[PDB]
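Chains as they are written, first to last, in our numbering: chain P, 760 to 1109; chain W, 760 to 1109; chain H, 760 to 1109; chain S, 760 to 1109; chain X, 760 to 1109.
Ideal placement from N, C-alpha and C gives every residue a C-beta, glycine not left out.
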Amino acid sequence: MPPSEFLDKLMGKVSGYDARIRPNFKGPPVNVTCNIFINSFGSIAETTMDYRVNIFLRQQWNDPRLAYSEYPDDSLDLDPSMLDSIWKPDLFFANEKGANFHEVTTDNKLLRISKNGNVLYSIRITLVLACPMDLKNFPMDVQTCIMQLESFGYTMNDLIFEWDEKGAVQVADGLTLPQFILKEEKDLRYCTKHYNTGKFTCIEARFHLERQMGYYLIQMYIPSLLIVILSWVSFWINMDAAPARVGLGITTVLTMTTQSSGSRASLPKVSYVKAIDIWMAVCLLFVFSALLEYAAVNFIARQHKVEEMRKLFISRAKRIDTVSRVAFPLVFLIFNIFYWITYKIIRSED
Amino acid sequence: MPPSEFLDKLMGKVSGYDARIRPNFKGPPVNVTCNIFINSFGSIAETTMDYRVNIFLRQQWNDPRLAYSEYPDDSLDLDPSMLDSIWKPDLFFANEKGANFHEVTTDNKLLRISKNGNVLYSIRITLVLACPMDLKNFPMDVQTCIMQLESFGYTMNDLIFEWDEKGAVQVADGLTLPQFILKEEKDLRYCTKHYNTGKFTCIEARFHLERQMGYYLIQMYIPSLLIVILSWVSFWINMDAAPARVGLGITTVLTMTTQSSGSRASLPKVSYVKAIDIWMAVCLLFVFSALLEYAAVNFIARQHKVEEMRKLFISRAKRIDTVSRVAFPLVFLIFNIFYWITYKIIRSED
Amino acid sequence: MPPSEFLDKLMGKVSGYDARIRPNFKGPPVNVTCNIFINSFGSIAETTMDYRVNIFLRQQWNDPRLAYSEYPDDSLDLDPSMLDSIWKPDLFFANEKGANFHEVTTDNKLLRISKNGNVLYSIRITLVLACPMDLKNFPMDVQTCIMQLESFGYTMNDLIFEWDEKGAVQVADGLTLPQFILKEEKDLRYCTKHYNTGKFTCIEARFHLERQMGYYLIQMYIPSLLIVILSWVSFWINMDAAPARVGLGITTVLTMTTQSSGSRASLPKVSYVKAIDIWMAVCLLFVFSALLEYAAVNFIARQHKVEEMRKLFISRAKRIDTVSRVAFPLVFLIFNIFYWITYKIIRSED
Amino acid sequence: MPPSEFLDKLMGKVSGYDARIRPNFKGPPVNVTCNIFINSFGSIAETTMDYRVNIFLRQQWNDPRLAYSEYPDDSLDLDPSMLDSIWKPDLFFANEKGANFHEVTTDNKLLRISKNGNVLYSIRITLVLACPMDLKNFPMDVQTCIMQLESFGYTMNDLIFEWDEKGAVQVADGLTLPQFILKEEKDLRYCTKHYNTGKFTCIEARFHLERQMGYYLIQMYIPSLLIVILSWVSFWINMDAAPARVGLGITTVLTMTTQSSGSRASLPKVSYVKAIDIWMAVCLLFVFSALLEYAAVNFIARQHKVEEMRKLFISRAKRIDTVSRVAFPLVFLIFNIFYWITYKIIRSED
Amino acid sequence: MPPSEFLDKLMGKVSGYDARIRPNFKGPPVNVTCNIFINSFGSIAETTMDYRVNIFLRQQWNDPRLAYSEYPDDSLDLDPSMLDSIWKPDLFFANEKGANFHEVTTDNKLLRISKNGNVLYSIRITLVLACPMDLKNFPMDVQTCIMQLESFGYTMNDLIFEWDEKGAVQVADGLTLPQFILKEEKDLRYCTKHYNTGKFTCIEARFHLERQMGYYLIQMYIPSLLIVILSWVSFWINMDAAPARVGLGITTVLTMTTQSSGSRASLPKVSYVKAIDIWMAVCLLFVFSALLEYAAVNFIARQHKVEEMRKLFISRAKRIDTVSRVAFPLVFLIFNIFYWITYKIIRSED
Ligand SMILES: *[C@@H]1O[C@H](CO)[C@@H](O)[C@H](O)[C@H]1NC(C)=O
Ligand SMILES: *[C@@H]1O[C@H](CO)[C@@H](O)[C@H](O)[C@H]1NC(C)=O
Ligand SMILES: *[C@@H]1O[C@H](CO)[C@@H](O)[C@H](O)[C@H]1NC(C)=O
Ligand SMILES: *[C@@H]1O[C@H](CO)[C@@H](O)[C@H](O)[C@H]1NC(C)=O
Ligand SMILES: *[C@@H]1O[C@H](CO)[C@@H](O)[C@H](O)[C@H]1NC(C)=O
């Protein structure tokens, strides 16, 4: 038998196969299993509120027609150039921007057909998908990003979408993200869609992302701690009143302010207050306190600037110094560890 | 009856249905009801003067042809591949940039037809639409953005566009905007269009947006208040003449100026003066006053630098200090609350 | 009579209408009237040297064919789907980048035909057009932007382009630009094109744009004036030699320099010197003078630092102070008003 | 004779003209003359390493077929809608990115045919072309940008490309570039291409660009000179040891550093050292020297701070001052003029 | 024999050549040799994690059909307009974004056919390819970028891809990269692909890139060294306690911090610590030490500020100075050379 003759008999003019009619017309809904392979992941930006993903969609369904039973083999790998004639289920993504195809040299498509009629359709598509991330806790946070596959034009009575029991989602080996660590959980559940026009099927896939704090710690926490320690020692040995003494505080003020402004750049605008803002606010309070104590001791010195009074004022000023000395490391220590442990337990609960 | 035979009889060669002729030719204008569903909203930028929206257009009209009365069911869900043969009303948007279609796997289209001839056309389109926002009051403002649907090629005698009496505009559940809060009002009115060529139908939909001031307050108001308070206390204990005393003022000057420059970055250029500019101007006036009073007390000290004269100059200088002390918090307090209450009442009127 | 039968008789196979032949072949040139409507304007950027415009092109010409005289009405509104068969005049823009079409739901096109043969073609196109603006005077300037319509493929003997006597250019009501004010003058003149291949027709439309200086004044002139006044008073009460006195000058130097650098950011690079540069240069000269006078009085004090000599040096130093006092406001006043009046008269002449 | 009948006889089914066969098959190579007109030029960016150009390609060749000799006129201006049937020579650009066509209203194309068979093909194309500029001397430099036209698919035995003897390259009148001045030289030479597959024809066009230094001088040279002069005078009158004296140097240090960082922004990264870097380095050396001399005189003063020794130390310190005084202007003068004259002669040689 | 008649006999209707069937059907897999020519390279950005490349793909395979043996010559250069009829092997790239074709004037394609049936297919394509660079050592690093060619739709039994024994990869003469130096090694190995659907052939090409450190050294190392030396000398002659002395340290602090922030701008965010960070950290430690020693000597002076005690405190303070003097150059010298030699040996091993 020649291949061409059979090939036109299967889906051509002698065949009564109209490509505008669903298989099993006036019958039970056509069940469709969907298997997705993630070729690549990444390019997630906080401002844009979306990520980039390259998938290999694969969907299988059954047809009562296109059952040959004439060649001795089980399956046939057909050309992807008559895919227009074969009926194709509609499938679009709800949180989707763009989503072009790939056409390098030839269109990237795959067609297979078995003896019973089970087909295999494979399409490569790069999707920009919108993820509504919540930045309540900026340095440490778990982000859930949603992929939705749903039927635009058919009701419940047709095109029921089902997941695959085994190996529903696969990932490429040695695939890494610079910023996040992917979690191998990938919980799958499906939520149907209700509209005034009708009720439409949908299936959902969920991915969990964990950020890496190493960059954040080196970029912000480590310099800020250095500034705090520097300020502490600078006043600790500072003596009486000198214009030079003021310089140590002045440098810290400006540098801390610039760092604070710099940190709130990449992130988009949100009403709620992030954790990094809290850390910046407390460090600003500490540096603001530094000036305060100086003003205080200067006021005591001003009152001092008779012999009977001098001893008490000089003593009171020194008392202010030693009390500042013991107080400043202690309250920062009891606060930062409290901050870290409370964030440590919230991530553990999440 | 086979589905294919009926399907070609309805809109094919045996049918006298020419797709270039409007239904009810030489007759009353074809009425069209339009229902819009907002799939997603967002990506509004002040500079660009436009926003991004993903809608689900739905338009219904009646045809005297395409009335089958042969299958026992009421409606038929047809394929979206013969939509070219069906006559389609022209519809374009006036404040429109771009507005591509979506073609993921298959074109996103929907076709339905009832027994009487009422059709249902559904198209997914992402529109970039221009909104002429007025920034007279920057931190608090209500913005109205306009969507216009109008007929490019037909006159009044044809293609009259009407709204839908019930559920004209729907919104997706759990849809949020990072910057703005959408108001559930959505007032609908229609304005016809007049041209030299003729008079063309149009319908309009209006959306109200309310900005969230939480980001603005934390970003700008809170640091500026801190700078003002710091400056106040800094001079409050400042004593006589020392080069060190000057430092407190110097830091504030530069930091305030940098913040003022930084704030006017995101916004585009406009002739009128924004509220934030007013707040920045008054704070700059306060810090400018700080230097002034110093210069004054230094001039009194310069005159002082004989015994009879010294008491009066020293007293006058101290008088200047205490008067500065009582005056500075009081006038800022009576001004900021006045500013807030006047803006509070203008938003209430708006 | 059926509409379809007439519709194919007019421009089909029974008709000898070849769409590759110009009307009035071997005859006088085909005159074409062009009417343009500006749907929207804006998005002008100085660096890119171009603007964005959305027009409604409309062109009318006569054909000896397509004269029906069979239906009792005067005109017919045809579908825009047989516009390919109708002969269309070539028309392109010389200072053009891009210029895509609009295809939302359906192509935006319009076809009309009268009894005599006068047709009406309407096309919506968004054009990015290059405007060679001259920035000799930056804050105040009038910019002329050119739109050119010309025939790519035909000579003088064919396709003569003429303007419309009445209402050649219309503008949408309530159309505004954030930066510029449009002038309702719109002078129209036409310049033919000469090439080695031949002579080609062209028509030109000119628009005048006037910038709004309110943003510029608030952004730059008002802070710079404040810095100048501050500097003036700061030295005015400055006494003898103190390291603190220097601070007043130091702050001004840096802030003025940063503002000067900031101002020359948006503008692209040009050889000639802008007006804003002149204003920045004079203010820099004033602040530079401030340091000078200080150095001078310090040199007199250094010579002073015997009793007979002290009186003359102290007097000379005070003389320098009072002379500085009277001189500094006077020369700035006689210069700034001179600057403003000369620019006021140049705009009036322009 | 009707135009349509002749028009289909020339390139249709009765004609044996196959559009897949080169003219003069099994014969001498088809010679092609190429004339280029530069409609616009500009948009050159140093980082991207490419420029934007809008050309009017024009190529002429001879065909033995398509020789009519039946109409009494010499040439015919055909429609650009049967250009697909006419055989067209392949032509692509080697240093090419993008290069789309223009389709405003109608495709921009031109067809002409003479009695002998000489055709004229005109195509409008905007090309982004890569120019490998060498930035050895940044402020003054001559840049050569290359345009290459070559045959992708044919060997030497076919499609020989020749230039045009007269008026090979034309430029539009009144065409200017904001940054560069075009030179009216435009030397043309051709270099053939060798590959493993075969030898392919190519022709090359060269353009020379001269930068304008006016922006660079005002932006960088003039402020830097002002800073140098200021520093010079500031120390020149500086007296003994005062903390205030230090301020004059401190301001210069920071401002010079910021300017130095600012200048190296637009330019991309290169291994070799630019001229502007040299100028920045020498000015940094001068300001660095300023601090040095201060440290020296302070060390002499420190040793001074017995009567016999005081006279010699005070004298030595004053000697250091006067020597600094004479030395500093002289060495800057003998260096800057040397720098300018050596660059003046290198541009003259180039 | 006419060329047209043979041309349609080879791949037309009289020929039984179906373009949907692979050559050697039901036979051994079709071997394909692939030769790639790199027309241009460059535009590599660290953030995007990808590079731009313009290649000339060339693939050869054998067909049992299309064996003419009728013209006396060996090969024929066909038109690229019947390339659709010829069967073409599928080929796509795995680490691929975009990859459009080039269509300037005509499509860039090449067709050749020999007497035996060996064909030659040439396609020009610009590919954006993702390179997973590792920035463990930023200033000096070798980067490997991967190109993968693989068969989308066929299994092992068909379309085996083989490399070319001689001249597999060629590069254009005089091709340079501004940032990197290409290594003439280009090791080629192939790795097959395993999927649930089946096993698919692939081949890989590897390129090695070496960065040039000249820009980095001038941009960062040279200024930082200057700051370190300046700081060293500044304290080296600094005397006792003066507010002026503090200035030398203050300037360094701010400038070093700004440089440190500036350096970490171009690079994207990564968890691990780069070499440049280490160098910045050590320089920050040195400048931080500068303040420390000052505080120490000031504390000794404070204790000093009775005659018996004064000699020991003054001596101890001077001892601190001389010890600082000998210590500071020595430890920087023993550290920087150690840093350079360890990086020198790691690059040599790599
Ligand atoms: C799809 O599956 C459901 C439940 O398993 C079944 O009731 C229905 O008949 C199936 N439809 C088919 C096989 O077309
Ligand atoms: C549309 O509605 C108007 C007013 O209800 C009516 O006069 C007109 O006949 C309608 N046109 C139709 C039904 O085609
Ligand atoms: C166009 O107008 C000119 C001048 O009015 C006239 O000479 C010419 O015949 C006209 N061409 C037509 C009507 O085709
Ligand atoms: C092209 O020119 C060359 C040299 O002038 C000549 O030998 C060749 O025959 C020409 N080819 C033609 C006219 O086809
Ligand atoms: C391809 O090469 C392999 C090994 O050289 C060989 O076994 C196979 O038959 C070849 N396939 C062909 C020539 O189609």
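Practice task
List the residues of chain X whose Cβ lies closer than 7 Å to the Cβ of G771 (chain P), in chain order.
Solution key: Here the premise fails: no neighbours, minimum Cβ distance about 12 Å.
Exercise for the section: Using three-state DSSP, classify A1024 (chain X) as helix, strand or coil. Expected result: coil
Exercise for the section: Give me the Cβ distance between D777 (chain W) and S763 (chain H), rounded to the nearest whole Å; I'm assuming they're in contact under 8 Å. Expected result: 5 Å
Exercise for the section: Determine whether the Cβ of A1054 (chain H) lies closer than 7 Å to any Cβ atom of chain S. Expected result: yes
Practice task
Let me know the secondary structure DSSP gives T865 (chain P) once reduced to three states.
Solution key: strand
Exercise for the section: State yes or no: is the C-beta of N916 (chain X) nearer than 6 Å to some heavy atom of ligand 5? Expected result: no
Problem - Euclidean distance between Cα positions of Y810 (chain W) and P937 (chain W) - result: 13 Å
Handout entry: Test item, CB below 5 Å from any non-hydrogen atom of ligand 2
Key = W:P787, W:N790
Exercise for the section: Give the single residue among H:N821, H:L984, H:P891, H:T1016 whose Cα lies nearest to the Cα of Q978 (chain S). Expected result: H:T1016
Exercise for the section: Go ahead and pull the three-state DSSP assignment for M906 (chain W). Expected result: strand
Exercise for the section: Classify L894 (chain P) as helix, strand or coil using the three-state DSSP reduction. Expected result: coil
Problem - Inter-residue Cα distance where the pair is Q902 (chain H) and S802 (chain H) - result: 15 Å
Handout entry: CB of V812 (chain H) within 7 Å of CB of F796 (chain H), strictly
Key = no
Exercise for the section: Using a Cβ cut-off of 8 Å, pull out every chain H residue sitting near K952 (chain W), in sequence order please. Expected result: Correct list: empty, because the minimum Cβ distance to chain H is about 10 Å.
Exercise for the section: Could you check the C-alpha separation between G1006 (chain X) and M1068 (chain X) for me, to the nearest Å? Expected result: 31 Å
Practice task
Along the beta strand (DSSP E) that carries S802 (chain P), what are the first and last residues, could you check?
Solution key: 791-804
Practice task
Using a threshold of 7 Å, state whether the C-beta atoms of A1055 (chain H) and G1008 (chain H) are closer than that.
Solution key: no
Handout entry: Cα-Cα separation, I1104 (chain H) to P898 (chain X)
Key = 59 Å
Problem - Any chain W beta carbon closer than 7 Å to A858 (chain P) - result: yes
Handout entry: Status (buried if at least 16 other CB within 10 Å, exposed otherwise) for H953 (chain W)
Key = exposed
Exercise for the section: List the whole-angstrom C-beta distance separating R970 (chain P) from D900 (chain P), where the pair is believed to meet the contact cut-off of C-beta under 8 Å. Expected result: 6 Å
Exercise for the section: Name, going along the chain, the residues of the segment 779-808 of chain S whose beta-carbon falls closer than 9 Å to a beta-carbon of chain H. Expected result: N794, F796, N798, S799, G801, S802
Exercise for the section: State yes or no: is the C-beta of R817 (chain S) within less than 7 Å of the C-beta of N794 (chain S)? Expected result: yes
Problem - Per-residue contacts from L918 (chain H) into chain S (C-beta, under 9 Å) - result: Under the 9 Å cutoff, chain S gives no residues; its nearest Cβ is about 11 Å from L918 (chain H).
Problem - Pick from X:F815, X:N798, X:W846 that is closest to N783 (chain X), judged by C-alpha positions - result: X:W846
Handout entry: Terminal residues of the alpha helix (DSSP H) in which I1073 (chain X) lies
Key = 1066-1108
Practice task
Determine the extent of the alpha helix (DSSP H) in which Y1053 (chain S) is found, giving its start and end residues.
Solution key: 1034-1063
Exercise for the section: Would you mind stating whether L879 (chain S) and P839 (chain S) have Cβ atoms separated by less than 7 Å? Expected result: no
Practice task
Could you tell me if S1074 (chain P) is buried or exposed, where buried requires 16 or more neighbouring beta carbons within 10 angstroms of its beta carbon?
Solution key: exposed
Handout entry: Between the CA atoms of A931 (chain X) and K942 (chain S) - distance to the nearest angstrom
Key = 30 Å
Practice task
Please say whether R883 (chain W) and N867 (chain W) have beta carbons closer to each other than 7 Å?
Solution key: yes
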